[PDB]
Visitor: 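Dumping the structure here so I can ask a few things about it.
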Amino acid sequence: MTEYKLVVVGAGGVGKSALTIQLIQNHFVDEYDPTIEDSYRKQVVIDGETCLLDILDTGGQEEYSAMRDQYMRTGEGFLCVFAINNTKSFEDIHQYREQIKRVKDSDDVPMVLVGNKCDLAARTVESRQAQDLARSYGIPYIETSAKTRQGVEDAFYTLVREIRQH
Ligand SMILES: Nc1nc2c(ncn2[C@@H]2O[C@H](COP(=O)(O)OP(=O)(O)NP(=O)(O)O)[C@@H](O)[C@H]2O)c(=O)[nH]1
Ligand SMILES: [Ca+2]
Ligand SMILES: [Ca+2]
Ligand SMILES: [Mg+2]
């Protein structure tokens with residue numbers, strides 16, 4: 001069957017693991033255990049197609065990691081995640097996109113910008129600001145809540161639909 005290699009990246013604590021775990025295991029992780037690199041696999045049907053999602057959940061990073069770059073090289077699509085209540089995480093997105101461009105050696109890599117923790121009221125990143133950033137990259141912007149599951153399936157499935165247009 002068709003396999004889709006997805007990689008989740010973004011600043012520490014934005015909810016990358018919570019999003020992946022909500023998608024794959026249907027529960028919300030309340031505690032904060034920093035990730036290095038964890039992988040998840042699951043067969044799902046997306047738009048009538050039975051396929052296998054292979055998801056690499058990476059941890060936030062502010063220091064070079066040769067190993068990190070190597071694990072990311074095989075990714076086919078990337079979820080770039082920031083949290084809507086953490087301006088710095090949004091400002092960090094451009095660096096993650098640059099890392100992706102490097103490891104893939106391409107300026108055209110399937111990606112989706114995700115603004116997580118949309119259930120929280122302390123918003124410092126407005127939807128419009130994120131929409132503008134995503135537009136500049138030629139990619140979709142989707143808000144999510146790993147807590148309520150709002151937009152979770154939408155974010156990952158949209159990433160699959162982006163790989164399909166590639
Ligand atoms: N309210 C709320 N909290 C969230 C959401 N997503 C994650 N969190 C919380 O934020 C904290 C960190 O989440 P986690 O998924 O571990 O972050 P991460 O990006 O994987 N961290 P790392 O980069 O260190 O692996 C946890 O306490 C978790 O419950 C969300 O959508 N809403
Ligand atoms: Ca723990
Ligand atoms: Ca390269
Ligand atoms: Mg994590």
Side-chain angles (χ1 to χ4, degrees), residues 4-42 44 53-104 109-131 133-134 137 139-160:
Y4 292 96
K5 294 183 168 298
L6 314 185
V7 181
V8 187
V9 306
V14 305
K16 302 179 295 295
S17 298
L19 283 167
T20 302
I21 291 163
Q22 186 55 270
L23 181 81
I24 305 298
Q25 308 183 347
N26 306 92
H27 62 98
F28 176 59
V29 178
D30 296 78
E31 71 206 82
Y32 187 179
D33 282 335
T35 308
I36 304 301
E37 286 100 23
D38 294 334
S39 54
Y40 297 84
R41 295 173 69 164
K42 186 180 185 178
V44 297
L53 299 185
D54 174 274
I55 305 171
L56 181 72
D57 177 25
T58 72
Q61 179 169 294
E62 193 53 294
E63 292 293 61
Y64 176 70
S65 174
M67 287 294 277
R68 172 60 58 74
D69 288 1
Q70 294 301 134
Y71 288 122
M72 293 177 63
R73 282 173 63 78
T74 54
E76 288 170 326
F78 299 75
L79 282 191
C80 291
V81 192
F82 70 91
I84 57 90
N85 70 334
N86 179 169
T87 290
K88 182 59 162 55
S89 67
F90 178 69
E91 298 180 343
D92 286 343
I93 290 291
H94 203 70
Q95 161 211 311
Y96 283 99
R97 183 173 165 85
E98 287 304 323
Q99 169 178 48
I100 291 163
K101 282 168 58 186
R102 277 188 31 263
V103 301
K104 299 301 302 187
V109 181
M111 288 186 227
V112 172
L113 178 63
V114 175
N116 189 49
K117 308 203 186 181
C118 69
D119 56 285
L120 293 184
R123 176 187 293 265
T124 53
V125 181
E126 290 187 297
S127 184
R128 183 186 304 297
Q129 293 174 304
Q131 290 177 38
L133 178 55
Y137 300 156
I139 68 178
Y141 172 55
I142 297 174
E143 291 202 344
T144 60
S145 172
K147 184 173 182 186
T148 69
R149 214 157 188 281
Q150 176 168 36
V152 181
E153 182 191 297
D154 201 343
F156 283 95
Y157 287 11
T158 292
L159 180 56
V160 167

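Heads up: numbering here begins at 1 and tracks the sequence. Both ligands and their constituent atoms are indexed starting at 1 by order of listing. All heavy atoms count here, side chains included; hydrogens, waters and symmetry mates do not.
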Visitor: Regarding ligand 1, does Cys118 bring an N or O atom to under 3.5 Å of one of the ligand's N or O atoms?
Guide: no

Visitor: Is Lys101 salt-bridged to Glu98, going by a charged N under 4.0 Å from an acidic O?
Guide: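 So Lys101 pairs with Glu98 through a salt bridge.
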
Visitor: For ligand 1, indicate whether the residue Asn116 contacts it via side chain, backbone, both or neither (heavy-atom separation under 4.0 Å).
Guide: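 The side chain, only.
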
Visitor: Determine the minimum heavy-atom distance between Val29 and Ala18, stating which atoms define it.
Guide: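 It is O-CB, 4.4 Å.
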
Visitor: With a 6.0 Å cut-off on the ring centroids, do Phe82 and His94 count as close?
Guide: no

Visitor: Counting heavy atoms only, which of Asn86, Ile21, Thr20, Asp119 is nearest atom 32 (N) of ligand 1?
Guide: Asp119

Visitor: Is the number of heavy atoms from other residues, nucleotides or ligands under 6.0 Å of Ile36 CD1 greater than 12?
Guide: no

Visitor: Heavy-atom count around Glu126 CD within 6.0 Å, excluding the residue itself: above 12?
Guide: no

Visitor: Taking distance alone, with no angle check, do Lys16 and ligand 1 share an N/O pair under 3.5 Å?
Guide: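 Yes; the residue has a nitrogen or oxygen that sits under 3.5 Å from a nitrogen or oxygen of the ligand.
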
Visitor: Might you point out which heavy atoms bring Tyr40 and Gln25 nearest each other, and give the distance in Å?
Guide: CE2-NE2, 3.8 Å

Visitor: Do any protein N, O or S atoms sit under 3.0 Å from the Ca ion (ligand 2), and which ones are they?
Guide: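 Correct list: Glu31 OE2, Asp33 OD1, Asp33 OD2.
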
Visitor: Return the closest protein heavy atom for atom 26 (C) of ligand 1 as residue, atom name and distance.
Guide: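 Checked against all protein heavy atoms, atom 26 (C) of ligand 1 sits closest to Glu31 O, 3.6 Å.
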
Visitor: Tell me, which protein residue and heavy-atom name are nearest atom 15 (O) of ligand 1, and how many Å apart are they?
Guide: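 That would be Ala18 N, 2.8 Å.
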
Visitor: Any idea which of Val152, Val9, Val29, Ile36 brings a heavy atom closest to atom 29 (O) of ligand 1?
Guide: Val29

Visitor: Taking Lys5's backbone N and O only, do any of them form a donor-acceptor pair with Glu76's side chain (distance below 3.5 Å, no angle check)?
Guide: yes

Visitor: Which heavy atom of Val125 sits nearest to which heavy atom of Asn86, and what is that distance?
Guide: CG2-O, 4.4 Å

Visitor: Which heavy-atom pair separates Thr74 from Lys104 by the least distance, and what is that distance?
Guide: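 Smallest heavy-atom distance, with atoms named: C-NZ, 4.0 Å.
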
Visitor: Output yes when a side-chain donor or acceptor of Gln150 lies under 3.5 Å from a complementary backbone atom of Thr144, and no otherwise.
Guide: no

Visitor: Taking only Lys NZ, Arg NE, NH1 and NH2, and the carboxylate oxygens of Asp or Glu, determine whether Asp69 and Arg73 approach each other closer than 4.0 Å.
Guide: no

Visitor: For atom 7 (C) of ligand 1, tell me which residue out of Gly15, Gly10, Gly13 has the closest non-hydrogen atom.
Guide: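 Residue with the shortest heavy-atom distance to the ligand atom: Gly15.
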
Visitor: So, at under 2.8 Å, which protein N, O or S atoms would a careful student list around the Mg ion (ligand 4)?
Guide: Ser17 OG, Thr35 OG1

Visitor: Near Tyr157 OH, under 6.0 Å, is it more than 12 heavy atoms from other residues, nucleotides or ligands?
Guide: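 It does: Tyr157 OH has more than 12 such atoms within range.
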
